[PDB]
Amino acid sequence: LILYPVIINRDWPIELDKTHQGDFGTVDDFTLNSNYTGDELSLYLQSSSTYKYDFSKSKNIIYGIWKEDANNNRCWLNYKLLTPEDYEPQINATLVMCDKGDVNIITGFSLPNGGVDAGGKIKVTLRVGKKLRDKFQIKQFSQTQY
Amino acid sequence: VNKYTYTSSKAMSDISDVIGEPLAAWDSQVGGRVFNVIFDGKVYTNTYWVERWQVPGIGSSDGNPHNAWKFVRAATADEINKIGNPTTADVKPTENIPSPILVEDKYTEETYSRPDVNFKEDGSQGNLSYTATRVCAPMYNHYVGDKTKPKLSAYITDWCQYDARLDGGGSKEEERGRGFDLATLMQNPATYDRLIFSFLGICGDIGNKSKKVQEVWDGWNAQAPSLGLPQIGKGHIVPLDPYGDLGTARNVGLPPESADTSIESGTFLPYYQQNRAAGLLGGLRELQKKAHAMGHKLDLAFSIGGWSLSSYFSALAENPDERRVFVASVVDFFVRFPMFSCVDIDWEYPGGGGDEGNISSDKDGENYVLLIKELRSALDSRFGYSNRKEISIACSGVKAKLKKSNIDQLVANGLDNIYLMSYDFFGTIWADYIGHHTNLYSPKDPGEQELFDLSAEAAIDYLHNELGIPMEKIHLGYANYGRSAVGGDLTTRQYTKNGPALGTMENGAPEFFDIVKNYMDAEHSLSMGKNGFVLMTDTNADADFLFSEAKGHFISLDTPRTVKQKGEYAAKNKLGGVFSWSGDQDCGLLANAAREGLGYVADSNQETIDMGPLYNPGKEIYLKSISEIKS
């Protein structure tokens with residue numbers, strides 16, 4: 001066979017490692033609507049852990065989604081400081097970067113400080129800049145190529 | 001147009017001017033040809049189309065739903081010999097099936113098999129069916145331009161959307177949901193003259209669903225700065241689910257191309273315009289394109305308010321500027337979708353009623369009048385007369401609250417049309433007795449027709465006579481579901497209150513198409529009760545219904561024959577217009593019948609399916625009115 005230029009699959013970015021490290025449950029607490037629109041990323045997620053917490057401490061727990069590279073920064077604002085009754089909170093974000101890096105995004109529950117991070121946590125590397133096949137090929141019939 | 005011919009002959013010497021016709025006994029005559037058939041020694045001509053259940057005997061001055069199957073008794077005994085005179089008969093369902101009717105659904109059978117549903121034809125093992133509309137056939141004949149007759153319309157709603165049985169589903173009612181592709185009507189468009197999408201809403205609404213209002217208001221308010229557009233408060237109108245309306249491809253007659261169904265409340269907003277409109281609403285726009293490709297443009301329309309979202313009507317009352325901003329959003333929507341022929345409002349309670357969440361005061365009706373006038377004013381200020389919009393509202397028939405509606409001033413304030421809710425009069429779960437939830441006609445003894453025996457004709461006469469409103473400004477229709485009631489006794493109309501009642505998805509509200517599947521039939525060219533379920537009709541109110549003894553379960557319902565009755569009455573009136581509520585779940589047979597009731601005529605000799613045999617009456621009975629029984 002022979003092929004084509006490298007081409008962006010202009011749709012939902014694809015899978016990469018989740019790095020689940022939640023306190024009160026497995027990765028299966030999480031749900032994630034990975035998608036895209038108009039050359040920019042869009043995604044929506046939820047972590048089903050809030051109801052478990054002793055909000056005496058876990059009140060206003062940071063709930064959300066935020067990109068973290070080796071800097072592991074918090075330049076984001078989608079943090080839902082959950083109420084003691086935010087039993088199923090939805091977190092929702094979009095991003096706009098030229099670098100089509102398969103960027104890791106820590107999401108879920110965390111307190112602003114202290115080891116307490118009541119509920120699910122994940123550091124989901126996304127994957128982006130995906131492509132697709134186009135399967136076209138020579139074939140041999142007897143000695144005679146076709 | 002359709003066309004038919006016959007011929008007759010005589011000796012070369014004899015020329016009758018009249019259509020001579022062979023003298024013969026009556027027997028299952030039908031069609032348009034002359035018949036002088038003989039019966040009981042009398043001789044009978046149906047000077048109108050003939051039907052296999054029509055009988056000349058009763059027909060002597062009857063025999064058709066409108067007039068005399070006239071007769072003479074010229075026949076002598078030896079005529080009554082050379083022809084064996086008939087004296088009684090009964091038409092049966094034929095043995096063959098002249099036309100297919102519907103197709104099974106794998107998933108609906110699976111549904112019945114589901115250990116929670118356990119549905120059965122008798123409903124013994126399962127009171128609900130959640131049957132997929134996909135079972136249905138297209139079922140639409142075709143018809144002439146017939147321009148003079150009043151307009152025809154149909155209601156349409158979001159419940160067209162989903163049935164996860166298409167996706168397996170299997171655990172929850174919506175996984176066993178309902179929905180259909182508008183492609184159906186697209187196959188033969190111009191099926192109606194107007195359409196009405198279900199009542200949408202506004203920011204600030206109060207009812208149960210208001211979390212949706214919250215969510216969408218959030219999405220809007222988030223988008224607005226990014227769009228560089230002003231934020232919105234309460235009273236601003238809501239699309240409810242743009243993802244459904246546009247982020248769709250299945251059920252909307254359009255290829256999945258460009259169906260970015262991922263888009264939603266937080267993102268649709270750029271797309272919130274007809275040009276950009278994907279999905280359902282766009283599909284409608286193209287449907288109108290096809291329609292115009294024919295001609296006879298549909299009045300595409302929708303409304304807002306209604307049964308379950310009216311709550312904020314009182315709240316918005318007497319907040320004039322917010323009402324202004326709201327109607328501003330209305331006209332903005334018009335600008336965003338100039339496709340629309342008009343759109344309207346579904347206020348439901350000038351005096352409080354329906355769901356209690358619709359908080360209300362007395363002044364509500366007056367304030368409603370005032371704001372209505374103001375709306376009209378705003379609309380006129382917006383619109384060019386060459387493209388003007390003219391507004392309508394429904395009415396509830398609540399003998400008093402309808403008065404409280406001040407229709408007089410609404411008319412005086414340019415509200416052009418009224419649509420009478422003609423259904424569910426029988427609040428079956430709570431109503432005192434079984435009755436016809438949709439009776440147009442007054443039964444005998446009108447002494448108790450106040451919360452019962454609610455013949456719409458009474459209100460009709462109020463507006464015509466007691467309010468002088470021209471029929472033009474009022475419209476009526478029918479709905480495609482009956483009522484179902486437990487334990488009813490046909491003699492007393494008493495019935496098992498509270499006891500759960502039949503519905504595929506909605507208990508107490510049997511669903512027409514599935515009734516065709518389960519309980520009634522026509523495959524043998526007849527109106528045919530089936531599976532042991534009683535076909536029946538009452539003489540008192542021209543009522544039509546169904547029954548089942550093992551659970552004393554009753555169903556009050558419109559029928560081809562009964563909607564025929566309806567349309568014929570409306571037509572003889574020359575009402576402003578005709579329509580059907582809940583149009584989403586009839587194959588279209590009731591629409592063909594509705595054309596017939598409108599006198600709307602078919603345009604070809606061919607058919608999608610027959611309709612005549614659907615007008616035989618059911619098991620005859622006389623049912624006493626509630627007053628009569630109590631008296």
# chains A, B, ... in the order shown; residues from 1 in each chain; ligands from 1
$ residues_around --residues "residue 243 (chain B)" --least-positions-apart "2" --cutoff "10 Å" --atoms "only C-alpha atoms" --output "list in words"
residues 239, 240, 241, 245, 246, 247, 248, 259, 260, 261, 262, 263, 264, 265, 267, 268, 278, 279 and 280 of chain B
$ interface_residues --of "chain A" --to "chain B" --cutoff "9 Å" --atoms "only C-alpha atoms" --output "PyMOL selection string"
chain A and resi 33+35-37
$ residues_around --residues "residue 28 (chain A)" --least-positions-apart "4" --cutoff "9 Å" --atoms "only C-alpha atoms" --output "MDAnalysis selection string"
chainID A and resid 47:48 120
$ residues_around --residues "residue 147 (chain B)" --least-positions-apart "3" --cutoff "10 Å" --atoms "only C-alpha atoms" --output "PyMOL selection string"
chain B and resi 144+150-151+296+600
$ atom_distance --atom1 "CA of residue 20 (chain A)" --atom2 "CA of residue 94 (chain A)"
21.3 Å
$ atom_distance --atom1 "CA of residue 64 (chain A)" --atom2 "CA of residue 108 (chain A)"
5.5 Å
$ atom_distance --atom1 "CA of residue 520 (chain B)" --atom2 "CA of residue 98 (chain B)"
16.5 Å
$ residues_around --residues "residue 274 (chain B)" --least-positions-apart "4" --cutoff "9 Å" --atoms "only C-alpha atoms" --output "PyMOL selection string"
chain B and resi 278+281-282+285+336-339
$ select_by_dssp --residues "region 167-312 of chain B" --states "alpha helix (DSSP H)" --output "ChimeraX atom specification"
/B:183-186,210-227,242-245,279-294,306-309,312
$ write_last_selection --atoms "N, CA and C atoms" --output "short mmCIF file (atom, residue, chain, number, x, y, z; two decimals), in the first residue's frame"
data_model
loop_
_atom_site.label_atom_id
_atom_site.label_comp_id
_atom_site.auth_asym_id
_atom_site.auth_seq_id
_atom_site.Cartn_x
_atom_site.Cartn_y
_atom_site.Cartn_z
N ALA B 183 -40.51 11.91 8.45
CA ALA B 183 -40.44 11.38 7.10
C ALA B 183 -41.78 10.82 6.68
N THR B 184 -42.47 10.17 7.60
CA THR B 184 -43.82 9.68 7.43
C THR B 184 -44.67 10.67 6.66
N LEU B 185 -44.96 11.82 7.27
CA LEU B 185 -45.76 12.82 6.58
C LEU B 185 -45.05 13.34 5.36
N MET B 186 -43.73 13.44 5.42
CA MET B 186 -43.00 13.94 4.27
C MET B 186 -43.34 13.12 3.04
N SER B 210 -38.92 23.09 36.15
CA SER B 210 -38.16 24.33 36.11
C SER B 210 -36.66 24.14 36.21
N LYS B 211 -36.19 22.98 36.67
CA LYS B 211 -34.75 22.74 36.62
C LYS B 211 -34.23 22.83 35.20
N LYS B 212 -35.05 22.42 34.23
CA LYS B 212 -34.68 22.60 32.84
C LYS B 212 -34.54 24.08 32.52
N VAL B 213 -35.50 24.88 32.99
CA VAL B 213 -35.44 26.33 32.79
C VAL B 213 -34.13 26.86 33.34
N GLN B 214 -33.79 26.43 34.54
CA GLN B 214 -32.54 26.85 35.16
C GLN B 214 -31.36 26.50 34.27
N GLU B 215 -31.25 25.22 33.90
CA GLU B 215 -30.13 24.76 33.11
C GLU B 215 -29.96 25.57 31.83
N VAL B 216 -31.05 25.74 31.09
CA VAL B 216 -30.95 26.43 29.82
C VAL B 216 -30.65 27.91 30.03
N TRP B 217 -31.21 28.51 31.07
CA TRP B 217 -30.91 29.90 31.35
C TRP B 217 -29.44 30.05 31.64
N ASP B 218 -28.88 29.09 32.37
CA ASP B 218 -27.45 29.07 32.63
C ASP B 218 -26.67 29.01 31.34
N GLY B 219 -27.00 28.04 30.49
CA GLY B 219 -26.30 27.91 29.22
C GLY B 219 -26.35 29.20 28.43
N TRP B 220 -27.54 29.79 28.35
CA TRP B 220 -27.72 31.05 27.65
C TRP B 220 -26.83 32.13 28.24
N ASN B 221 -26.91 32.30 29.56
CA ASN B 221 -26.17 33.37 30.21
C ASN B 221 -24.67 33.16 30.09
N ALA B 222 -24.23 31.91 30.03
CA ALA B 222 -22.82 31.64 29.80
C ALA B 222 -22.42 32.02 28.39
N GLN B 223 -23.24 31.62 27.42
CA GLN B 223 -22.92 31.89 26.03
C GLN B 223 -22.92 33.39 25.75
N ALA B 224 -23.91 34.10 26.27
CA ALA B 224 -24.17 35.49 25.89
C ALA B 224 -22.93 36.38 25.91
N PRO B 225 -22.10 36.39 26.95
CA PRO B 225 -20.92 37.25 26.90
C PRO B 225 -19.97 36.85 25.80
N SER B 226 -19.77 35.54 25.65
CA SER B 226 -18.89 35.06 24.60
C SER B 226 -19.43 35.42 23.23
N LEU B 227 -20.74 35.45 23.09
CA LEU B 227 -21.33 35.89 21.84
C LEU B 227 -21.30 37.40 21.71
N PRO B 242 -32.77 22.50 22.62
CA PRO B 242 -32.25 22.71 21.27
C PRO B 242 -31.57 21.48 20.72
N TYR B 243 -30.95 20.67 21.58
CA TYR B 243 -30.30 19.47 21.10
C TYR B 243 -31.32 18.55 20.45
N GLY B 244 -32.48 18.39 21.07
CA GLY B 244 -33.53 17.66 20.40
C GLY B 244 -33.95 18.35 19.12
N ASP B 245 -34.19 19.66 19.20
CA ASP B 245 -34.77 20.39 18.08
C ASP B 245 -33.87 20.38 16.86
N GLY B 279 -31.46 19.34 12.54
CA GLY B 279 -32.45 18.60 13.28
C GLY B 279 -33.89 18.92 12.96
N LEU B 280 -34.74 18.56 13.92
CA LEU B 280 -36.19 18.63 13.79
C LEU B 280 -36.71 19.88 13.10
N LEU B 281 -36.49 21.03 13.72
CA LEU B 281 -37.08 22.26 13.21
C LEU B 281 -36.62 22.54 11.79
N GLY B 282 -35.33 22.34 11.52
CA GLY B 282 -34.87 22.51 10.16
C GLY B 282 -35.61 21.58 9.24
N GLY B 283 -35.70 20.31 9.63
CA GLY B 283 -36.42 19.35 8.82
C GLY B 283 -37.80 19.86 8.48
N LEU B 284 -38.46 20.48 9.45
CA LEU B 284 -39.77 21.06 9.20
C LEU B 284 -39.70 22.10 8.11
N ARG B 285 -38.68 22.96 8.19
CA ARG B 285 -38.49 23.98 7.17
C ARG B 285 -38.36 23.36 5.78
N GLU B 286 -37.55 22.33 5.66
CA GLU B 286 -37.46 21.67 4.36
C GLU B 286 -38.76 20.99 3.99
N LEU B 287 -39.49 20.46 4.97
CA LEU B 287 -40.77 19.87 4.65
C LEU B 287 -41.65 20.91 4.00
N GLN B 288 -41.65 22.12 4.54
CA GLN B 288 -42.42 23.18 3.93
C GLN B 288 -41.88 23.48 2.54
N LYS B 289 -40.58 23.32 2.34
CA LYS B 289 -40.03 23.52 1.00
C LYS B 289 -40.65 22.53 0.03
N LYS B 290 -40.64 21.26 0.39
CA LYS B 290 -41.30 20.23 -0.41
C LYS B 290 -42.76 20.57 -0.62
N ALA B 291 -43.42 20.98 0.46
CA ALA B 291 -44.83 21.33 0.37
C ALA B 291 -45.02 22.37 -0.70
N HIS B 292 -44.26 23.45 -0.63
CA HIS B 292 -44.36 24.49 -1.63
C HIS B 292 -43.96 23.99 -3.01
N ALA B 293 -43.03 23.03 -3.06
CA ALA B 293 -42.71 22.39 -4.33
C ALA B 293 -43.98 21.88 -4.96
N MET B 294 -44.89 21.40 -4.13
CA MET B 294 -46.23 21.12 -4.60
C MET B 294 -47.02 22.42 -4.78
N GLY B 306 -49.44 26.45 28.09
CA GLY B 306 -49.97 25.10 28.18
C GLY B 306 -50.10 24.49 29.56
N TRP B 307 -50.65 23.28 29.52
CA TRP B 307 -51.02 22.51 30.70
C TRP B 307 -49.97 22.47 31.80
N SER B 308 -48.72 22.20 31.45
CA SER B 308 -47.73 21.95 32.47
C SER B 308 -46.71 23.06 32.66
N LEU B 309 -46.79 24.13 31.88
CA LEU B 309 -45.82 25.20 32.04
C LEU B 309 -46.47 26.57 32.23
N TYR B 312 -46.01 30.39 35.42
CA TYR B 312 -45.52 31.76 35.51
C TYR B 312 -46.47 32.78 34.91
#
$ residues_around --residues "residue 13 (chain A)" --least-positions-apart "6" --cutoff "9 Å" --atoms "only C-alpha atoms" --output "ChimeraX atom specification"
/A:34-36,41,102,126-130
$ write_last_selection --atoms "C-alpha atoms" --output "PDB file, in the first residue's frame"
ATOM      1  CA  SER A  34     -15.149  14.202  25.466  1.00  0.00           C
ATOM      2  CA  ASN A  35     -15.918  16.305  22.415  1.00  0.00           C
ATOM      3  CA  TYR A  36     -14.926  19.218  20.236  1.00  0.00           C
ATOM      4  CA  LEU A  41     -12.099  21.307  22.722  1.00  0.00           C
ATOM      5  CA  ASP A 102      -2.566  14.809  24.803  1.00  0.00           C
ATOM      6  CA  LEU A 126      -6.709  12.955  26.914  1.00  0.00           C
ATOM      7  CA  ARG A 127      -5.558  12.065  23.438  1.00  0.00           C
ATOM      8  CA  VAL A 128      -5.968  14.524  20.579  1.00  0.00           C
ATOM      9  CA  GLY A 129      -4.893  14.974  16.965  1.00  0.00           C
ATOM     10  CA  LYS A 130      -6.266  11.563  16.027  1.00  0.00           C
TER      11      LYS A 130
END
$ closest_residue --among "A:26, A:71, A:42, A:31" --to "residue 12 (chain A)" --atoms "only C-alpha atoms"
A:42
$ residues_around --residues "residue 24 (chain B)" --least-positions-apart "6" --cutoff "7 Å" --atoms "only C-alpha atoms" --output "list in words"
residues 37, 38 and 83 of chain B
$ closest_residue --among "A:1, A:77, A:116, A:45" --to "residue 29 (chain A)" --atoms "only C-alpha atoms"
A:45
$ select_by_dssp --residues "region 567-630 of chain B" --states "strand (DSSP E or B)" --output "number ranges by chain"
B: 577-581, 602, 619-621
$ closest_residue --among "A:105, A:138, A:27, A:124" --to "residue 93 (chain A)" --atoms "only C-alpha atoms"
A:105
